[PDB]
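A single chain, nothing else alongside it, follows as structure tokens in the form deposited in one PDB entry.
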């Protein structure tokens, strides 16, 4: 059994990431994947979390016995990205000083969307680029930086393959 916990700001796509991986369906708790690893079936337990401020005292109770964290931010929310540094990495790493952390950029499908880009440009903002995410990942000492889209499933299998590889 491997326990994986997904953390990050509200609305970055954590729930959709988990449901899309485990069910292969995109939505309109804790979940269960089986993965083969070198011809050995392995159970992967995926724990969703509430990223909101009003869960700040309760959320860390989910952290004990975690084998790997995914810190999620949305590739089209620069604020969710800044909070990796300002909130997420400092909380998880302090509470869990040795657990591997993967950094995952979500909503990869929106990064080249014209209207998402234009709405962002209105507030002097821009989607997060791969180089930017990679730099964040190295700064916080993440095992790996990965980008994905729960919606299209691009990159999604790799996220959980790499989560398991970090553990094993």
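Numbering follows the first chain given and starts at 1.
In what follows, reference is made to the form deposited with a partner chain bound, a form of this protein that is not presented.
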Which listed residue (110, 33, 140, 134) meets the criterion of a heavy atom within 4.5 Å of the partner chain in the entry with it bound?
33
Which listed residue (38, 53, 122, 115) meets the criterion of a heavy atom within 4.5 Å of the partner chain in the entry with it bound?
38
Is it the case that residue 152, even though its partner is missing from this view, gets within 4.5 Å of the partner chain in the entry with it bound, heavy atoms only?
no
Is there a non-hydrogen atom of residue 16 within 4.5 angstroms of a non-hydrogen atom of the partner chain in the entry with it bound?
no
Can you check whether residue 164 is within 4.5 Å of the partner chain in the entry with it bound, heavy atom basis?
yes
Considering non-hydrogen atoms and a 4.5 Å limit, does the partner chain approach residue 21 in the entry with it bound?
yes
